[PDB]
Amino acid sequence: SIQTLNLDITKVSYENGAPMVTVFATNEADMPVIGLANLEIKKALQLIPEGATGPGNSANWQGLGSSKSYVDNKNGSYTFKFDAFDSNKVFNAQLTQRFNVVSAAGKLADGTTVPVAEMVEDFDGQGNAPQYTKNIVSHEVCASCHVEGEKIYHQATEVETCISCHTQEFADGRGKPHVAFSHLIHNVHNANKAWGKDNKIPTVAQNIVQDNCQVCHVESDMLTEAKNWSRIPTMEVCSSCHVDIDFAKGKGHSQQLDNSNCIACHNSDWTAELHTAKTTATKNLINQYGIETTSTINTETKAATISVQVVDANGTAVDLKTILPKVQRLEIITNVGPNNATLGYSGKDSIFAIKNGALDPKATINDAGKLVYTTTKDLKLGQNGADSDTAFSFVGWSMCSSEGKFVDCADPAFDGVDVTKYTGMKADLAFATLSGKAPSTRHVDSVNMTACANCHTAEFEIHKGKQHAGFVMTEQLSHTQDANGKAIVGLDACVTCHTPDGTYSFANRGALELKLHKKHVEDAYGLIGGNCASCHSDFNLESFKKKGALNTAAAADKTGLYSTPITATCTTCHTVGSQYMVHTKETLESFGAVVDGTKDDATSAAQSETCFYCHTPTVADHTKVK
């Protein structure tokens, strides 16, 4: 019923000693929300300033108590009092005062459902605006990778609530320095030491975050202490990733008995630069060059010729001859039928037109300086309906590089395993038709690269390694825009290999409709769960009318098994015969489906599924049925 619950602390009065605190609650239409049953001041704190506990030390949140005692004022406002304010007798009205307010998900009396809400707000010791703050991060950065509105590990859903409990005082009282939040937060994302009684090694978090301070520390005018990540070096925080130093004993580092001299040597400029240098260098290399790719079908031979024009950062032509010694790999993959690829993985056309500065004999550079390659696989243009009039070609490439500079590929046999030796570059996509009519294109309106980029960064070099140059996905291959006119960077190019027939094996669920689900429900469920919005803005259910069969398993003799396309898409996470699929195989067939059968039968029945008579999935709730 209520989509968003807004909370504001509108008044703080110390006129009776302990503060009286009024909160005003509104819904998404700014109407007052009356009848909240689980509103609480989870923490009352005050801010001990930087340096007060010792030279170089951080500011800290000193505890003053909590309260679940409040009156519903019947107008949207709620007024708290404290039965046991400041039981340690440390209150100091010269300090900034903070209240952390939480409302649990639940229902009002009438049964209106109400979602969780959390906030903090800061004041001076009289309830006016505060004079100074410790505002370093905000809760939004966490939502790039952890589902917003759900608990992150435990207790709460917004980082300021974590910070309000995991204080220096909290850590000291337990004798556990590592549970102060500014230690813990880096700890649980960095693999240099384990955490918890389970000794969990954060291998996955390490792979995603990659010690990239900028995914949490973002410059902002609303966060006046945002530069603290480079301006306040302390042994307590820096040791969370640098786990091998013993500052007291002078092991791995000169002895330091306190934090008084850290900043004298570790100046902010150096700490900021050194921890971001590698991502900055790589991103600078990626934005040096681009490519513009065209393709045309020869109407008589039915082969596509692909032309690649390197350009510089301004879009100005660059003869590929001038940089060929630095091109580590360039690959061209061509399939047919963008909405339902027809060549499969084995029948696709693919070539490394360049490898470590060498042109393949099947590719040339023409006098205009463009690279030119003509397909050799039978493209079967026009042999499977109107969609098969269109070939689509994915171009990925990489350039040799060292310490932020492009370099000559000096070793012809370099196998691409050592990714410190080269940079994946901006990939491209080109369309061509046999008929010469306008090409079909795949829908890109339900999932795009901005969502992938929230967790993997916009500079994600997909598949970089021994097998591929690394595909960086940008507006180079955009061919439509959203309702606000912003170019959509789609994943339709990935279908060149992620075909309805799978990838190199029939057992991988390699079709793009299945592959991203399989990978992330298996390896990212702690971050995503059933949160379809982590990738989707909506579902394009109409696209199923353009789909054929989808490969879902391999037979015992290694050949391919196929399902009808809706059933194939749902069963990646809802395996037939498992505890995750109430429908038996027999019931699914009764709904028109083919389940792990032959390509012919699955193709024949592909528009026979009745699933959407009952199922009406939306990204907000994909489980919805009539």
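Throughout, we count residues from 1 along the sequence that is shown.
Comparing 303 to 311 with 132 to 140, the higher mean C-alpha B-factor in the PDB entry belongs to 303 to 311. Stretches 486 to 494 and 400 to 408 differ in mean C-alpha B factor, with the higher average recorded for 400 to 408. Taking the deposited Cα B-factors for 256, 340, 88, 167, the highest one is held by 256.
If you compare the C-alpha temperature factors of 500, 526, 173, 177 in the entry, 526 comes out highest. Remark: residue 558 belongs to the highest third of its chain, ranked by C-alpha B-factor as recorded. Looking at the C-alpha B-factors along this chain, the one for residue 623 belongs to the lowest third. In the PDB entry, a CA B factor belonging to the lowest third of its chain's modelled residues is recorded for residue 127.
In the deposited entry, the Cα temperature factor of residue 608 sits in the top third of values across the chain's modelled residues. Remark: residue 568 belongs to the lowest third of its chain, ranked by C-alpha B-factor as recorded.
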